[PDB]
Amino acid sequence: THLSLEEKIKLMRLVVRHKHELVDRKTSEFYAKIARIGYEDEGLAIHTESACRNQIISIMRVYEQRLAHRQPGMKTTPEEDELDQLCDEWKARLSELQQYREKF
């Protein structure tokens with residue numbers, strides 16, 4: 001299914017709010033919780049764990065494309081600025097966990 005921009009922001013706000021609850025190698029518990037709270041509180045459709053995770057993967061993929069093609073002087077909206085900030089914060093959490101796994 002396809003999320004609207006508003007739904008993408010609601011979803012990423014939740015992901016970031018709960019980011020410290022993600023435990024490396026326990027992704028199932030995290031994405032299941034996000035899917036549940038997104039449905040119960042933010043009015044998102046019922047998603048399976050996998051479907052919810054796929055939505056977040058897609059948001060992040062498009063974010064990376066936006067970053068790569070951003071141009072100096074481009075005009076952005078406040079919704080775009082918030083989504084980019086949320087995506088940056090989620091990317092940083094994933095990178096933190098990757099560094100912990102690799103280095104120790």
# chains A, B, ... in the order shown; residues from 1 in each chain; ligands from 1
call {"tool": "residues_around", "arguments": {"residues": "region 82-87 of chain A", "least_positions_apart": "2", "cutoff": "12 Å", "atoms": "only C-alpha atoms", "output": "number ranges by chain"}}
result
A: 5-19, 56-67, 70, 76-80, 89-94
call {"tool": "select_by_dssp", "arguments": {"residues": "chain A", "states": "alpha helix (DSSP H)", "output": "NGL selection string"}}
result
:A and (5-17 or 27-42 or 49-69 or 78-103)
call {"tool": "closest_residue", "arguments": {"among": "A:97, A:4, A:23, A:49", "to": "residue 37 (chain A)", "atoms": "only C-alpha atoms"}}
result
A:49
call {"tool": "residues_around", "arguments": {"residues": "residue 102 (chain A)", "least_positions_apart": "6", "cutoff": "12 Å", "atoms": "only C-alpha atoms", "output": "compact mmCIF listing (two decimals) with N, CA, C and O atoms, in the first residue's frame"}}
result
# COMPACT_ATOMS: atom_id res chain seq x y z
N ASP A 24 19.46 -4.47 18.44
CA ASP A 24 20.08 -5.15 17.31
C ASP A 24 19.71 -6.63 17.30
O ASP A 24 19.75 -7.30 18.34
N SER A 95 22.96 3.59 12.19
CA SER A 95 24.42 3.61 12.07
C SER A 95 25.08 3.33 13.41
O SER A 95 26.09 2.64 13.47
N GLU A 96 24.52 3.88 14.50
CA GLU A 96 25.04 3.62 15.84
C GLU A 96 25.04 2.12 16.13
O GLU A 96 26.06 1.56 16.54
call {"tool": "closest_residue", "arguments": {"among": "A:55, A:1, A:48, A:99", "to": "residue 35 (chain A)", "atoms": "only C-alpha atoms"}}
result
A:48
call {"tool": "atom_distance", "arguments": {"atom1": "CA of residue 81 (chain A)", "atom2": "CA of residue 43 (chain A)"}}
result
22.7 Å
call {"tool": "atom_distance", "arguments": {"atom1": "CA of residue 68 (chain A)", "atom2": "CA of residue 22 (chain A)"}}
result
26.9 Å
call {"tool": "atom_distance", "arguments": {"atom1": "CA of residue 34 (chain A)", "atom2": "CA of residue 53 (chain A)"}}
result
8.8 Å
call {"tool": "closest_residue", "arguments": {"among": "A:88, A:31, A:21, A:51", "to": "residue 3 (chain A)", "atoms": "only C-alpha atoms"}}
result
A:51
